[PDB]
Amino acid sequence: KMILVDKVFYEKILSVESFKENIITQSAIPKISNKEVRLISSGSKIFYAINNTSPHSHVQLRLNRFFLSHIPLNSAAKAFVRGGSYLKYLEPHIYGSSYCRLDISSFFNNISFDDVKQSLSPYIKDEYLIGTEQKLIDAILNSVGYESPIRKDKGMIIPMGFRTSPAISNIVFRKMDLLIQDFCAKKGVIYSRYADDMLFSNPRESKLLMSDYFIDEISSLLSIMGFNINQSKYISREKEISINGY
Amino acid sequence: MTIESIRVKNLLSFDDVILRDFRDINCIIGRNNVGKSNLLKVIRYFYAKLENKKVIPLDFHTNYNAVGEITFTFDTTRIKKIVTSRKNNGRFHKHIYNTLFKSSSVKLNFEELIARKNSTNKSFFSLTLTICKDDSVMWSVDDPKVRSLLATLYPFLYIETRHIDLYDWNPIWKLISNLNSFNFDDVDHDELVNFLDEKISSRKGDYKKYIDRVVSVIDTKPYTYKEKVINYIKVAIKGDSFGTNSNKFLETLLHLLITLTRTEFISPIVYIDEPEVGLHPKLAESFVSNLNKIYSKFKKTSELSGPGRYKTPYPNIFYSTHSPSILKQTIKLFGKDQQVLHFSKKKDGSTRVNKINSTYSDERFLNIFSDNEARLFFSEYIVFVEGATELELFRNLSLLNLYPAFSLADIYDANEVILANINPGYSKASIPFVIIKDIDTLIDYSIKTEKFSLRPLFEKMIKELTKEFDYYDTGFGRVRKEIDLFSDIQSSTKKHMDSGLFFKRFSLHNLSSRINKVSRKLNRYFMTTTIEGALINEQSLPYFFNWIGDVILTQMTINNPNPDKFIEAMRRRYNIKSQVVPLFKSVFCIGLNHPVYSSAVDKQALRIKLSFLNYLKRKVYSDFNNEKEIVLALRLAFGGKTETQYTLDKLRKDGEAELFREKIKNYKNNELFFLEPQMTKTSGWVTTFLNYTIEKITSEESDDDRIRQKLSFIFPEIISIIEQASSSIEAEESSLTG
Amino acid sequence: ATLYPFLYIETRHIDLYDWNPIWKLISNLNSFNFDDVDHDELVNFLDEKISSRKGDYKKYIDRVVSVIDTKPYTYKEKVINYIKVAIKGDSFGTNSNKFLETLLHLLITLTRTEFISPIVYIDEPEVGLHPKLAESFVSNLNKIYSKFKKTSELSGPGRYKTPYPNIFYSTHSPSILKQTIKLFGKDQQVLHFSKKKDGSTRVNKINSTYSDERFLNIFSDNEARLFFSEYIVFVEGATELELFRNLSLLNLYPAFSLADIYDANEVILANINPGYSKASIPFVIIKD
Amino acid sequence: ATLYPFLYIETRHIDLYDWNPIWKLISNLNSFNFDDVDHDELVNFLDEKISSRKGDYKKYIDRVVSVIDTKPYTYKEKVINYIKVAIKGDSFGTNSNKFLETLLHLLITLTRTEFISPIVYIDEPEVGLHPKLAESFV
Amino acid sequence: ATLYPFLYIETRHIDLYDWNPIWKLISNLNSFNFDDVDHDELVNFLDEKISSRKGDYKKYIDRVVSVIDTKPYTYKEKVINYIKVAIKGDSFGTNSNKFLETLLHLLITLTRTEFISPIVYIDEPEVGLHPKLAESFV
DNA sequence: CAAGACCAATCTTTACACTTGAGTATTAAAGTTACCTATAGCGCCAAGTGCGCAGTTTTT
DNA sequence: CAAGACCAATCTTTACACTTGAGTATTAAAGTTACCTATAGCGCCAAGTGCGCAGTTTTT
DNA sequence: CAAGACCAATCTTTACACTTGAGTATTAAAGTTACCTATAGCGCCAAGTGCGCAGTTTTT
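Residues numbered from 1 in each chain as written, not as in the entry; some residues may be left out. Chains lettered and ligands numbered in written order. Part of a larger assembly, values for the part shown. Heavy atoms only, no water.

As summarised from the PDB record, the model derives from cryo-EM at a stated resolution of 3.20 Å.

(A) Representation of the protein's contact with DNA strand H within the structure. Inspection of the region around DNA strand H gives 15 residues, with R203(B), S31(E), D38(E), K76(E) and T113(E) positioned closest. Taking all atoms of DNA strand H within 4 Å of the protein, the share assigned to sugar and phosphate is 71%. Here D35(E) contributes a backbone N or O atom positioned 3.3 Å from a sugar or linking oxygen of DNA strand H. For the surface near DNA strand H, the secondary structure elements donating two or more residues are α2 (39-50) and α4 (75-86) of chain E. The element best represented in the surface near DNA strand H is α4(E), accounting for three residues. Tallied by class, the residues present in the surface near DNA strand H amount to three nonpolar, five polar and seven charged. (Near = heavy atom within 4 Å. Polar contact = N/O pair within 3.5 Å; in protein donor to acceptor, adjacent residues only side chain to side chain. Helix = DSSP H or I, 4+ residues; strand = E, 2+ residues; numbered from the N terminus. Nonpolar A, V, L, I, M, F, W, Y, C, P; charged D, E, K, R; others polar.)

(B) Local environment of the packing of helix α25 (residues 580-587) of chain B against helix α26 (residues 599-623) of chain B. Residues and elements named next belong to chain B. Where α25 contacts α26, the two axes come as close as 11 Å, and the packing angle between them is 130°. It follows from the interaxial angle that α25 and α26 lie oblique. The chirality of how α25 crosses α26 is left-handed. Contact with α25, carried on its side by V580, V581, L583 and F584, involves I608, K609, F612 and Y615 of α26 and no other residues of that element. Taken together, the residues of the contact of α25 with α26 break down into seven nonpolar, no polar and one charged. (Axes fitted to C-alpha atoms, helices over the stretch in contact; angles between N-to-C directions. Parallel < 35°, antiparallel > 145°, perpendicular 65-115°, else oblique. Left-handed = near helix turned anticlockwise from the far one by under 90°. Contact = heavy atoms within 4.5 Å.)

(C) Representation of the protein's contact with DNA strand G in the model. Of all residues adjacent to DNA strand G, which total 55 residues, the nearest are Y194(A), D196(A), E217(A), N244(A) and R478(B). Atoms of DNA strand G within 4 Å of the protein belong to the sugar or the phosphate in 49% of instances, the rest to bases. Contact between DNA strand G and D103(A): a phosphate oxygen at 3.3 Å from a side-chain N or O atom of the residue. Note that a sugar or linking oxygen of DNA strand G is positioned 2.8 Å from one of the side-chain N or O atoms of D38(D). At the level of elements, α1 (7-15), β3 (98-103), α7 (165-186) and α8 (212-222) of chain A, α21 (508-519) of chain B together with α2 (39-50) and α4 (75-86) of chain D are the ones that each hand at least two residues to the surface near DNA strand G.

(D) Representation of the sheet that holds strand β12 (residues 381-385) of chain B. Residues and elements named next belong to chain B. Read across the open sheet, the four strands follow the order β13-β12-β14-β19; overall the sheet is parallel. Of all strands in the sheet, those with a lone pairing partner are β13 (409-413) and β19 (524-527), marking the two edges. Taking each pair of neighbouring strands and ignoring which way they run, the sheet shows an average axis angle of 25°. Where β12 meets strand β14 (residues 433-438), three bridges bridge the pair, whose relative direction is parallel. Note that in β14 the partner of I382 across the bridge is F433. (Pairing = 2+ DSSP bridges.)

(E) Inspection of the interface of chain B and chain E at higher detail. Counting residues at the interface gives 48 residues for chain B and 47 residues for chain E. Between chain B and chain E, roughly 5,000 Å² of surface is buried when both sides are summed, and carbon and sulfur atoms account for 67% of that area. Ranking the residues of chain B by area buried against chain E places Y210(B), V217(B) and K238(B) at the top, with a combined share of 14%. Our count for the chain B to chain E interface comes out at two salt bridges. The interface formed by chain B and chain E includes 14 residue pairs in polar contact. Within the residue set of the side of chain B that touches chain E, elements represented by two or more residues are α6 (170-179), α7 (189-200), α8 (206-217), α9 (225-236) and α10 (244-260) of chain B. Among the elements that make up the side of chain B that touches chain E, the one with the highest residue count is α7(B) (nine residues). Residues that form the side of chain B that touches chain E fall into these classes: 27 nonpolar, 10 polar and 11 charged. (Buried area = accessible area lost by both parts, 1.4 Å probe. Salt bridge = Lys/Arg side-chain N within 4 Å of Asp/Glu carboxyl O.)

(F) The arrangement of the arrangement of the chains in detail. Without any contact between them, chain A and chain D keep their closest C-alpha atoms 19 Å apart. When C-alpha atoms are compared, chain C and chain E, though not in contact, are closest at a spacing of 19 Å.

(G) Representation of the UniProt feature "binding site: Mg(2+)" in chain A. All names here are of chain A. Sequence positions flagged by UniProt for "binding site: Mg(2+)" are, in local numbering, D103, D196 and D197. Spatially, the listed residues are clustered: although they cover 95 residues, their C-alpha atoms lie within 5.8 Å of one another. By secondary structure assignment, the location of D103 is in strand β3. Classification of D103 by relative accessible area gives buried; the value is 5%. Once residues lying within four places of it in the same chain are set aside, the contact partners of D103 are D196, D197, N228, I229, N230 and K233. Looking at where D196 falls in the secondary structure, it is placed in the loop between β8 (190-194) and β9 (197-202). If near-sequence neighbours (up to four positions away) are discounted, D196 is found in contact with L102, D103, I104 and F107. (UniProt positions renumbered as here; feature names shortened; annotations may be inferred. Buried < 20%, exposed > 50% of the residue type's maximum accessible area, 1.4 Å probe, protein only.)

(H) Local environment of the environment of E723(B). Residue and element names in this part refer to chain B. Looking at the secondary structure, you find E723 in helix α32 (residues 716-736). Expressed as a C-alpha distance, the spacing of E723 and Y403, which sit 320 residues apart in the sequence, is 8.5 Å. Each residue touching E723, except ones within four places of it in the same chain, is listed here: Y403 and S712.

(I) Fine view of the packing of aromatic side chains. As enumerated under the stated definition, the model contains 96 aromatic pairs over all chains in all. On the basis of an interplanar angle of 25° and a centroid distance of 6.0 Å, the ring pair of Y271(B) and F318(B) is categorised as stacked. With a gap of 47 residues between them, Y271(B) in strand β8 (residues 269-273) and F318(B) in strand β9 (residues 316-320) connect regions that are remote in the sequence. Given the relative accessible area of 1%, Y271(B) is considered buried. With centroids separated by 5.6 Å and ring planes inclined at 85°, the aromatic side chains of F234(C) and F283(C) adopt a geometry described as edge-to-face. Of this pair, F234(C) sits in strand β6 (residues 231-235) while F283(C) sits in strand β8 (residues 283-285), and the two are 49 residues apart along the sequence. Under the relative-accessibility criterion, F234(C) is labelled buried at 1%. Note on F283(C): relative accessible area 27%, which makes it partly exposed. Grouping aromatic residues by their ring pairs yields a cluster made of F46(B), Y47(B), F72(B), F74(B), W139(B), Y154(B) and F156(B). In this structure, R65(A) is placed above the aromatic ring of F66(A), and the distance from its NZ or CZ to the ring centre is 5.1 Å. Seen from the ring of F624(B), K663(B) lies directly overhead, with NZ or CZ sitting 5.3 Å from the centre. (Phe/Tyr/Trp six-rings, centres within 6.5 Å; stacked < 30°, edge-to-face > 60°. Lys NZ or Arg CZ within 6 Å of the ring centre and 35° of its normal.)

As structure tokens, this is what we get:
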């Protein structure tokens, strides 16, 4: 049975006490303000950390525990999934004779919130949570989303370091997981993915993974939802590959 | 070996299943068709697609994946040894090298080739079949010659016993003509026809003229080679023709395979579906015995050698069974050469395959292996116990009537060695179990020194639980604190009362709760008191007394063929008041048969019984100071232990509690003389106790939930164990069926 | 034939999609007299009611009948149509178990109000069943048997004293036999089939009723296995079992491999032994 | 597929006692909407009427249902039950001819009010037929 | 019964892959007395000849026989084995026509030397046949 | 300029060689294949019957 | 920079509306759905039993 | 006195002989049969363990 969260589900199991006042007073649940979010800097990357005292942290953690963990995923996603691991991400490529490794540039920053809403819509009932002002799905997205003060142009952004960002990334990228898996399998290539790192292996004797056609096709598939391939991290080799030490 | 591994991803009920470590006999058990028939379907589909047969593709477990994969790893070490040798320059060896082993040795250099040759290497060949979303099929090896050769070298034979045909023996011929490699192609069928008609002719030509007339009459297809070989064999055989019929079919099949494969390098895989169907249990045991005899008679080792013994690898035999007899005989006869596979269901409904340990290093356990032990392999939930009293209690029909959940749990008594070499934890099996043991197996109390001492099994449990002595920090600190308290249990001394019968301040219930809390992760539950101590509790004493009244009022009879004169004479001789004990001893006795007595005799017996009941109640309430002493005396009299965990024999040997022992002896020799035969542990007093108790309470209350509540109140600890087991059973049933 | 009908259920060749015996059984068991209810009156009655417009359904059915050449309805067909239309459902290893269990439930429930007492013979009920499934089948049969049982103690609306149908079933599995013996107590009989000197069939009754309730409770798979034994060697201790079961020793003596060695206490031997059970399963009691 | 159904009738392997295609055909051809008529309402309605005493038939059927574990009724099963109960008869070389002739009669008669136009393919209609019988069938 | 055997051939339910009646017919029709030829003598004789090495085929067959529990050979089985081994082929709408035509050819050809005169009854020989095919069969 | 995806047959099916149970450098004989075809409107020649060998569109 | 290939469900199966046989501008009610779940080590509190809510590697 | 109805096996199944297609006086070989059994309580002999050969009823 597909999971379906409705108004009673949000009120009882998810909100519990974190948003009791906002649900009894019929006041709209507000956006995650800049006061609750601190901005750490790690090299060229910026990480967003929410304070634990805020109710947003509690609702996000319970959202991970009870809702996001029940939505089905694709078997090629070996990251942030129950039972997945890096070794499981490398294992299916032992049978391959040629190897190719691709990366996605700014995977979490390029996840459009519209795609997230379209992905999470079928699993959330189309009801009005608060009168006729705010919808249940919009309230949950308020729980998961954020607006970066550094970059106000993009508006809604899924930031790294949140409670729910990895699982939401996996759910939104299940579409491309399916598309790339179908393409690679019809080409005879074993495909697997760990976060933004995609690994392909050809067991037959062929130069398919070395041609520019394969990179062009993967880029064309990724372009559907707006992603790009990091050309600095593109690797192609025969008979052995040294992926980040392994 | 023949097959190293089989891997199925996202097909039918399989999410990601890998089967390996195949032994010579593979026994498949579990709940029906939870993946057994699915595994058979997967193997059959792979071997049908190997031979380029147009068969329907399998369904996907979940449509959120684009493809489903079946990977077969063949063990080609022996074939490499066969062909790489210089002596065998035949055409078949040459073709096998050019197909299977080339394109993998060409890439190698001289050093690596030498290293592969000289080392004790194992060679594998992996073939993967991928089913895409649009029914297309892709192989990891694009050469059909490789697939056909692999099909030839490792043929798959499936024998179904339910739908077996006792008159269609075509698979026998299709098997024998293929197994032993005779090259009849060099022998021309033209030359053979002329040759045979030269010989079998009564007059040279007469048979030939008759056959030529027939052939001119009959329009026949050209003979296929397999038809030629089948004709050859079954003509040369002295016979074409051949429940028990199916057994003979299967037994001859296995005999033919094992005998014929000894000279060939073809190693078939044979899968049997319910070999025991329609078989008497002795017939199934004899079938396994005959298979093992054929297996071992052709077996050559460092000891058994001679003409007629081969070192050729045997075919791999899977068979899916539902009968404990087949499994018991396999385990007993095959020793270390068999594997038991358990099929169950995951959380999301997918199939889960486990390997149950069926190999025992204790030869005594192998010999004593019987039907009861082999039954546990089919158990949904096991409650391992220590004594016969536990089996008497937990198997009580009346008790299990009120708790249908516990009816699915099998109660088995296991010794320490038996538990050591049978338990699922050491077998890493997903058959959930609980080991019910008393707290006395960890700590033994000394009254003379007033000191607890630690049993070796407690030290073993501590050593198993202290795995954090070699690792980093996490939220396990409370466990370490509990283990520290367990360590401090040794040094502490505690004072006793009434010469070592009760504890002054200490509650063994708290320590038992702590032990259970700590050890629940090791699947062992430690009951605070013995089963006989759990039944005789302060809350159930009235009913216990009621039971005694019953065994006085209904189960007692008169020991004389003439009740009238007998009862009158002993009424005269012995006074009712001052000599009630000898009067009851002479008049009444426990007997299964209750002869009919007269109205006056019945009234006199009833009056004497009521007087004795009142006397016994008075004396029980008088001789013992409090109800706790009464409970303790009853527990010891049936073989129980005190709060200090001491038996009557232990006290007698040690010499403590002299007054209590003498009081109990007086009661057993004077007042409870009739209940003395039921004082033993094996007397079965538990069954009568529980039956009378449950019937009485059912007479008291008419609601099932209420009756369960009353039983829970009367036996808090036994019912607590039953309820915990039932909750775990429901949780694991939702783990399987939910 | 009517008063004592015979129903034979074969489980091997059972048909999980052909449920015709169910209808042929239920329409016959409970005696409803639909003959007094005219099929003409019934047809007019039903088409009066189920019609969306009074006649519209009737016009459609009349057109069909003018098109389709039908035999006159037999009474049994009428009753089957009645019942399974009124039922909220026509459709329904484990499938065979459910078939058999519902068969037995229907028989036991429906025979309580009738004086017809059928005899039901089942051929290998345990075929294709997990041992726990067979035990649960016997448990469900016993639950149905006892829930409808009225005695001097159990009385009320919903409990009858009508005699139950006689159930034969031929089994090859110790699980079925063990569960029967444990659950049915004094109400079951065990029949042993063997061969005489001249090859003719010999039938005996094996004592399966025990007065020792402890033996009934402790009854397990090993004890129920002895009922299929060709020859029994009753012993007294575990050492005897260790010796006489030794694989190497029994390798040299294939004749003794057909004898089951069982340890029996004095009470167990008293209430199990074939002599007191007058059974032709030869045995020897080895004692010091 | 719905608007242009395909019916294949083989006469050699025809089953003179299995008439399931007849019901699968008639229940589909004429479009009666029994979905609006609740099966709960229908069960209460029918057991209200056919009961000798209001409830007696219902008590018997309720006992049966408590005894028998049944799948929920499919709509096609519901319609087939409806039709062949309302019909005055469920039962029915020359037998195959009658089977085929009634099949064609049912199709031609029932399709007149519907916009569904099936395609029917018959394999050897004359097999096992006297020549006059085949001519009479046509 | 022996002198005037009755053979019934049904064409509707004919089995294009079960040719057992052909063998049961030919082995009986022409009277060859293989009883005088000992099956012991025949087995030794055949295994003497067909052996690649005298005994090698015999050793293989002896191993098989020790493995396989076989009934004693019946005479009809012996004759059928004889004939269809000596024949250059065991295997063989239009398929039924060929079956029937070869049946009739075998009967008519083989009965010429014997005094056994069978009676053959055919049920619908033309079933599933093009008219020209039936005319060609006759 | 520059590249992954480079038909489907080709006769087919079965299959150990060496000295009788284990073995460390590269296909094939054989039974059946298992049956095929000259020359279609025009020219030569017997001399008007019979035998031997000046279109459209599209690619372009 | 720039693009063909932009999941799989979402409850499911069946099905005419109008005035009784032909008809020229856009889904759905209904029977069944048909049954689900709070809270797994840590903190609060009764105060040590019982109940409520300071790692590695990889992505980065 | 006088008579129709005078077991079921006995090893079983198949089958031409004479000179190659028609023929006017009487069963059988052969492959398998295809495998069987001494001696049961009492007497002799080693001499009390082990081995060899004084009922009822009904017919009467």
